[PDB]
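Asks: Below: one structure in structure tokens.
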Amino acid sequence: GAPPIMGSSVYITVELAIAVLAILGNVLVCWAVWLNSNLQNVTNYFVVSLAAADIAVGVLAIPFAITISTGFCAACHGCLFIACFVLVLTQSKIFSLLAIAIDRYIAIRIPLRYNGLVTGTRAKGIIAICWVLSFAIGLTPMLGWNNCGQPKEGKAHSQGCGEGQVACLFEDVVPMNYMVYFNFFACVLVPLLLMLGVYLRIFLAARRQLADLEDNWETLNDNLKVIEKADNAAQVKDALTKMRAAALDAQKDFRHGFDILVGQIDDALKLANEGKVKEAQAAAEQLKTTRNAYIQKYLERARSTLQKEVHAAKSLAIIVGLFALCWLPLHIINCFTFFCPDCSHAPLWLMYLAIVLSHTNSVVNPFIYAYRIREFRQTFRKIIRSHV
Ligand SMILES: CC(C)CCC[C@@H](C)[C@H]1CC[C@H]2[C@@H]3CC=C4C[C@@H](O)CC[C@]4(C)[C@H]3CC[C@]12C
Ligand SMILES: CC(C)CCC[C@@H](C)[C@H]1CC[C@H]2[C@@H]3CC=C4C[C@@H](O)CC[C@]4(C)[C@H]3CC[C@]12C
Ligand SMILES: CC(C)CCC[C@@H](C)[C@H]1CC[C@H]2[C@@H]3CC=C4C[C@@H](O)CC[C@]4(C)[C@H]3CC[C@]12C
Ligand SMILES: N#Cc1c(N)nc(SCc2ncc[nH]2)c(C#N)c1-c1ccc(O)cc1
């Protein structure tokens, strides 16, 4: 069979290529948020915790991965730490992603209270807590859910390992029920599904809010039509009680538009509760000069912001769908290894490829920002032009 240093040299070189890009891309993210106070929101503190976990993939997890494919003689628990450190960092990224979905959900659903609820100080406390939980979850095998107690000793003597040592291989020290049940199903897959729901709720609340907005608009204008085209005084009253309510509704330079608007409706309602039909129909035309000059322009900045929230949460959902794509192959292969012991194990080369793919996720997030977030892309250019 072919000398394995040939296939390894390829896998290593690829891994190092990827570590290089991971560091750069994600240092630039971080340098970006540091420098551009437009990018200094709570949402982006999570983006930074995400970029830092990806820098750490290049600086550490990927060298660890290179190390543990050699099979080098190593004390079992030390081999377990270099095997598990990547699980810690990946768990950090799930928490950061979930935090971002939730943040964006709070932002669209209770925009009024978002500044007072989601503050820079609570964000940073959540980030710290999640990093501690990621170390706990990711290094749980250290605490005894491992295969250290049953070393492959024929394989350790074949390699001259010291007494106390193992060939340091991932599938030899980390149990596959840990990886399938605990790490995949419960600590990755369940969080992804969750993140998937949150984003459904965001797109629904935006879809609904925009609906309400353009409904209200049409109440405003159809009740005007009812008024031009009545010839009876209690018709006009009925249509202005409705206009009025549909105005204190949409309420919740801006306010002088609704001040005027409800005022003119209070003017015209009052004519109409006197029987002056024509006097009130031409009073309820004064509204139209007020819609044209104020209400249409609140309609429109409010639609603008919702379309911006929607587009932002699609950008962020793409970050989560690419996480899924990069990591799923590897889990899906572990599922086969574990659930079908009748099946031949996936070949070495594919293991290599699933692992490499999982690591490329540490290169995608920076490209996403740059293609999808005008403020990150403008800031990427300033840094790239001024320094290179
Ligand atoms: C601040 C950063 C750079 C610290 C990096 C520390 C890393 C490189 C260290 C910390 C703990 C170390 C491990 C501790 C124990 C063992 C068992 C031994 O039989 C082989 C080496 C091995 C597997 C070590 C490899 C290197 C290691 C993972
Ligand atoms: C998320 C997207 C990209 C889908 C991922 C599909 C990949 C991971 C799937 C599709 C077909 C799968 C293979 C189908 C059959 C076998 C034979 C078995 O003896 C070992 C596992 C192995 C080799 C599977 C490994 C995982 C596999 C390659
Ligand atoms: C949305 C999707 C990607 C969620 C995850 C799907 C996973 C859990 C599913 C998709 C395909 C499934 C595999 C399909 C075929 C086999 C072969 C059988 O002998 C053991 C179960 C096993 C190995 C399944 C395990 C679970 C599996 C890997
Ligand atoms: N599974 C799994 C798994 C595995 N069997 N091997 C390795 S490295 C040994 C090796 N390198 C090339 C061929 N074999 C790694 C790593 N890192 C994982 C792994 C596990 C969880 C992750 O979040 C990321 C990666």
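Heads up, residue numbers simply count up from 1 along the chain you see.
Per the header: X-ray crystallography, 2.4 Å.
Cβ from N, Cα, C; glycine included.
Below are the features listed in the PDB entry for this protein:
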- 1-3: expression tag (SEQADV)
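Pasting the relevant annotations from Swiss-Prot:
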- 10-34: transmembrane segment (TRANSMEM)
- 35-44: topological domain 'Cytoplasmic' (TOPO_DOM)
- 45-68: transmembrane segment (TRANSMEM)
- 69-79: topological domain 'Extracellular' (TOPO_DOM)
- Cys73-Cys161: disulfide bond (DISULFID)
- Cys76-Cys148: disulfide bond (DISULFID)
- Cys79-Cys168: disulfide bond (DISULFID)
- 103-122: topological domain 'Cytoplasmic' (TOPO_DOM)
- 123-145: transmembrane segment (TRANSMEM)
- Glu171, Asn334, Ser358, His359: adenosine binding site (BINDING)
- 176-200: transmembrane segment (TRANSMEM)
- 316-339: transmembrane segment (TRANSMEM)
- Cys340-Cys343: disulfide bond (DISULFID)
- 340-347: topological domain 'Extracellular' (TOPO_DOM)
- 348-371: transmembrane segment (TRANSMEM)
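Would you situate these features in the structure and describe their surroundings?
Replies: Using a Cβ-Cβ cut-off under 8 Å and counting only residues 6 or more beyond its ends in the same chain, the expression tag (1-3) has no close neighbours at all.
Counting residues of the topological domain 'Cytoplasmic' (35-44) by DSSP class, helix then strand then coil, yields 7 helix, 0 strand, 3 coil.
Long-range Cβ contacts of the transmembrane segment (45-68) within its own chain (Cβ-Cβ under 8 Å, at least 6 residues beyond either end) map to 12, 15-16, 18-23, 25-27, 29-30, 33, 79, 82-83, 85-86, 89-90, 92-93, 96-97, 99-100, 103, 120, 123-124, 127, 130-131, 168-170, 355, 359, 361-362, 365-366, 369.
Only residues 6 or more beyond the boundaries of the topological domain 'Extracellular' (69-79), in the same chain, are considered here, and those with a CB under 8 A from a CB of the stretch are 8, 11, 142, 146, 148, 151, 156, 159-162, 164-169, 173.
Taking all protein chains in view, 16 other C-beta atoms sit within 10 angstroms of the C-beta of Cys73 (disulfide bond).
Over all protein chains present, the Cβ of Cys148 (disulfide bond) has 19 other Cβ atoms lying within 10 Å.
All chains included, 25 other C-beta atoms sit within 10 angstroms of the C-beta of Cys168 (disulfide bond). The secondary structure of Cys168 (disulfide bond), as reduced to three states from DSSP, is coil rather than helix or strand.
Just so you know, the Cβ of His359 (adenosine binding site) picks up 25 other Cβ atoms within 10 Å once every protein chain is counted.
For the transmembrane segment (316-339), same-chain residues at least 6 beyond its ends with a Cβ under 8 Å from one of its own Cβ atoms are 90, 93, 97, 100-101, 104, 171, 176-177, 179-180, 184, 188-189, 192, 195-196, 199, 345-346, 350-351, 353-355, 357-358, 360-361, 364-365, 368, 372.
DSSP assigns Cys340 (disulfide bond) to coil in the three-state reduction, placing it in neither a helix nor a strand.
Here the transmembrane segment (348-371) has long-range neighbours at 7, 11, 14-15, 18-19, 21-22, 25-26, 28-29, 32, 47, 50-51, 54, 57-58, 61-62, 65, 315, 318-319, 322-323, 326-327, 329-330, 333, 377, 380, meaning same-chain residues at least 6 beyond its ends whose C-beta is under 8 angstroms from one of its own.
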Asks: Roughly how many angstrom lie between the C-alpha atoms of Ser358 (adenosine binding site) and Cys79 (disulfide bond)?
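Replies: Computed Cα spacing between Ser358 (adenosine binding site) and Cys79 (disulfide bond) is 20 Å.
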Asks: Measuring Cβ to any atom of ligand 3 with a strict under-6 Å cutoff, which of the recorded positions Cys76, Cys79, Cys148, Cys161, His359 qualify?
Replies: none
Asks: Hey, would you say the transmembrane segment (123-145) packs against the transmembrane segment (176-200), going by three or more CB pairs under 8 A that are 6+ residues apart?
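Replies: In this chain the transmembrane segment (123-145) contacts the transmembrane segment (176-200) - 3 or more Cβ pairs sit under 8 Å.
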Asks: Cα-Cα distance in Å from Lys252 to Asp253, with 17 residues unmodelled between them?
Replies: 15
Asks: Which entry in the list of binding-site residues, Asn334, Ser358, has its Cβ near the fewest other Cβ atoms, using 10 Å as the limit?
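Replies: Each of the binding-site residues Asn334, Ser358 was scored; lowest Cβ tally within 10 Å is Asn334.
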